[PDB]
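This report refers to the structure that appears directly beneath it.
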Amino acid sequence: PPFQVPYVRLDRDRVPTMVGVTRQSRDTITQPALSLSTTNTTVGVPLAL
Amino acid sequence: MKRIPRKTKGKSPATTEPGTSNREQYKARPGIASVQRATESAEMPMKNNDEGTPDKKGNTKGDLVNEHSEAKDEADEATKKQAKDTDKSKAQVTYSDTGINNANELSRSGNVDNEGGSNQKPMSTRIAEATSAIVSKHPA
Amino acid sequence: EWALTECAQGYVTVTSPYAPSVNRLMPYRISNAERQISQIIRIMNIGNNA
C-alpha cells in the first residue's frame with residue numbers, strides 16, 4: 001500500500017529529511033539503535049531518471 | 001470427510017429462454033488479456049529478505065561483506081535487472097551511480113550478528129569453543 | 001569536502017554524505033609547527049644540491 005510523506009513546494013523548514021523506525025516504548029531510556037532507513041542521504045533510496 | 005494437502009513441510013417443457021444467444025461482436029479496448037498480463041506481475045508479493053537474521057541453529061545468514069559494499073552491489077544488481085526487463089543493453093532508470101552521494105548507506109548483511117560482534121566465527125562455534133574450555137574428565 | 005573545494009578555487013565541486021555515519025577514522029590533520037619542522041628538514045638536504 002502507498003506510503004507517502006507530505007510534499008511542500010517551496011517551504012524549506014518543513015521539508016522532510018529522515019525516516020526511522022523504533023522498537024522501544026516512550027518511557028524507556030535505552031541504547032540508541034536507529035533503523036537502516038535513516039542512513040540514506042535523501043529521505044529514501046535514490047533513484048535516477 | 002475431506003482433507004486438504006499442505007503447501008509447506010511441517011514438523012515431521014421448453015427451456016431455451018429467448019435471451020441466451022451469444023453475439024460476441026464486442027472486442028475489449030484495452031484488451032482483457034493485455035491487462036491481465038500486466039496485473040499478473042503486480043499481483044506478486046515482494047521478495048523475502050532473510051539476510052542478517054539467525055537460523056534454526058543460531059548462526060546468522062548472509063555473506064561476509066561490508067554493509068556499504070553489500071548495498072552498492074544490490075544497487076548494481078537492481079540496475080542490471082531493470083535493464084533486463086526493458087530489453088535494453090543499458091537501463092534508462094538506474095538505482096546506482098546517481099548524482100546523490102549516498103556513501104553512508106548501509107544494508108543488512110550476514111557479516112554482523114545481533115550482539116554487534118563480527119561473524120568471522122559462527123555463533124555455535126564460539127559457544128562450543130567457550131563451553132569446552134571448562135569441562136573436566138575422570139581422574140587418572 | 002570544504003578543504004578540497006577551496007583549493008580548487010571553486011572550479012571543481014565535490015560532495016559528501018549527509019546522514020548518520022559509521023564513525024570512521026581518518027588521521028590527516030597536524031599542526032603548523034610540525035609542518036614547518038618538516039619543511040626545515042627538507043630544505044637541509046636539498047640545499048646546495050642542484
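Naming scheme: A, B, ... for chains in displayed order of the C-alpha cells; residues 1 onward per chain; ligands 1 onward as shown.
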
*Just the residues within 12 Å of stretch 77-87 of chain B, please, counting only C-alpha atoms, with nothing from its chain fewer than 5 positions along; format it as a VMD selection string.*
(chain A and resid 47 to 49) or (chain B and resid 41 70 to 72 92 to 98)

Save the residues we just selected, C-alpha atoms, as a PDB file, in the first residue's frame?
ATOM      1  CA  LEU A  47      16.562   6.634  -7.979  1.00  0.00           C
ATOM      2  CA  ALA A  48      17.873   8.200 -11.181  1.00  0.00           C
ATOM      3  CA  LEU A  49      15.712   9.074 -14.181  1.00  0.00           C
TER       4      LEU A  49
ATOM      5  CA  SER B  41       3.156  -9.053 -12.483  1.00  0.00           C
ATOM      6  CA  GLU B  70      26.570  -5.009   0.038  1.00  0.00           C
ATOM      7  CA  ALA B  71      24.238  -2.059  -0.539  1.00  0.00           C
ATOM      8  CA  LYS B  72      26.253  -0.944  -3.561  1.00  0.00           C
ATOM      9  CA  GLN B  92      17.266   4.049 -18.625  1.00  0.00           C
ATOM     10  CA  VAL B  93      16.356   4.054 -14.920  1.00  0.00           C
ATOM     11  CA  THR B  94      19.302   3.368 -12.619  1.00  0.00           C
ATOM     12  CA  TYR B  95      19.482   2.744  -8.886  1.00  0.00           C
ATOM     13  CA  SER B  96      23.276   3.100  -8.936  1.00  0.00           C
ATOM     14  CA  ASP B  97      25.717   5.813  -9.990  1.00  0.00           C
ATOM     15  CA  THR B  98      23.177   8.556  -9.377  1.00  0.00           C
TER      16      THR B  98
END

*Give the strand (DSSP E or B) residues of stretch 4-140 of chain B, as DSSP finds them on the backbone, and put them as a PyMOL selection string.*
chain B and resi 54+60+94+112+118

_As an exercise, work out the distance from atom CA of residue A:18 to atom CA of residue A:38 in Å and give it to one decimal place._
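About the pair atom CA of residue A:18 and atom CA of residue A:38: they are 5.8 Å apart.
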
*Taking only C-alpha atoms into account, report as a ChimeraX atom specification which residues of chain C lie within 10 Å of chain A.*
/C:16-22

*For chain B, which residue among C:5, C:15, C:27, C:10 is the nearest when counting only C-alpha atoms?*
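For chain B, the nearest of the given residues is C:15.
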
_Filtered DSSP result for chain C, state alpha helix (DSSP H), as an MDAnalysis selection string_ = chainID C and resid 2:7 32:46

_Need to verify the contact set: residue A:6, 10 Å, only C-alpha atoms, exclusion of same-chain residues closer than 6 positions in sequence. Can you return it as a ChimeraX atom specification?_
/A:14-16

Those residues you just picked out, can you put them in a file as a CSV table (one decimal), in the first residue's frame with N, CA and C atoms?
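Output file out-v9.csv is given in full below:
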chain,number,residue,atom,x,y,z
A,14,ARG,N,10.0,22.9,6.6
A,14,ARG,CA,9.1,21.7,6.8
A,14,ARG,C,9.5,20.6,5.8
A,15,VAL,N,10.6,20.7,5.1
A,15,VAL,CA,11.0,19.7,4.2
A,15,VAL,C,11.4,18.5,5.0
A,16,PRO,N,10.8,17.3,4.7
A,16,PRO,CA,11.3,16.1,5.4
A,16,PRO,C,12.7,15.7,5.0

*At a cut-off of 10 Å, list the chain B residues touching chain C, using only C-alpha atoms, as a ChimeraX atom specification.*
/B:99-106

Would you save the residues of that selection, restricted to N, CA and C atoms, as a PDB file, in the first residue's frame?
ATOM      1  N   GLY B  99      23.340  10.951  -9.018  1.00  0.00           N
ATOM      2  CA  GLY B  99      24.007  12.160  -8.571  1.00  0.00           C
ATOM      3  C   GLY B  99      24.265  12.184  -7.077  1.00  0.00           C
ATOM      4  N   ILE B 100      23.348  11.623  -6.289  1.00  0.00           N
ATOM      5  CA  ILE B 100      23.424  11.735  -4.839  1.00  0.00           C
ATOM      6  C   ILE B 100      24.628  10.971  -4.315  1.00  0.00           C
ATOM      7  N   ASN B 101      25.323  11.568  -3.349  1.00  0.00           N
ATOM      8  CA  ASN B 101      26.418  10.904  -2.648  1.00  0.00           C
ATOM      9  C   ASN B 101      25.830  10.127  -1.483  1.00  0.00           C
ATOM     10  N   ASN B 102      25.408   8.899  -1.754  1.00  0.00           N
ATOM     11  CA  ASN B 102      24.841   8.033  -0.724  1.00  0.00           C
ATOM     12  C   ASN B 102      25.909   7.151  -0.089  1.00  0.00           C
ATOM     13  N   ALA B 103      27.009   7.765   0.342  1.00  0.00           N
ATOM     14  CA  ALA B 103      28.145   6.993   0.827  1.00  0.00           C
ATOM     15  C   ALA B 103      27.906   6.392   2.202  1.00  0.00           C
ATOM     16  N   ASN B 104      26.987   6.948   2.983  1.00  0.00           N
ATOM     17  CA  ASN B 104      26.722   6.443   4.323  1.00  0.00           C
ATOM     18  C   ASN B 104      25.644   5.374   4.347  1.00  0.00           C
ATOM     19  N   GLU B 105      25.127   4.984   3.189  1.00  0.00           N
ATOM     20  CA  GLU B 105      24.061   3.997   3.142  1.00  0.00           C
ATOM     21  C   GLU B 105      24.552   2.652   3.652  1.00  0.00           C
ATOM     22  N   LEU B 106      23.710   1.984   4.430  1.00  0.00           N
ATOM     23  CA  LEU B 106      24.001   0.659   4.948  1.00  0.00           C
ATOM     24  C   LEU B 106      22.904  -0.305   4.528  1.00  0.00           C
TER      25      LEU B 106
END

Selection near residue B:116, 12 Å with only C-alpha atoms, sequence-local residues under 4 positions removed, as an mmCIF file with C-alpha atoms, in the first residue's frame:
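And here's part-v1.cif as it stands now:
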data_model
loop_
_atom_site.group_PDB
_atom_site.id
_atom_site.type_symbol
_atom_site.label_atom_id
_atom_site.label_comp_id
_atom_site.auth_asym_id
_atom_site.auth_seq_id
_atom_site.Cartn_x
_atom_site.Cartn_y
_atom_site.Cartn_z
ATOM 1 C CA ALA A 33 19.568 1.909 17.692
ATOM 2 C CA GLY B 52 21.215 -10.805 8.502
ATOM 3 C CA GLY B 110 25.372 -11.567 7.388
ATOM 4 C CA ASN B 111 28.665 -10.056 8.479
ATOM 5 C CA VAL B 112 27.417 -8.833 11.875
#

_Residue nearest chain A among B:45, B:129, B:117, B:60 (counting only C-alpha atoms)_ =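 Of the candidates, the smallest distance to chain A is held by B:45.
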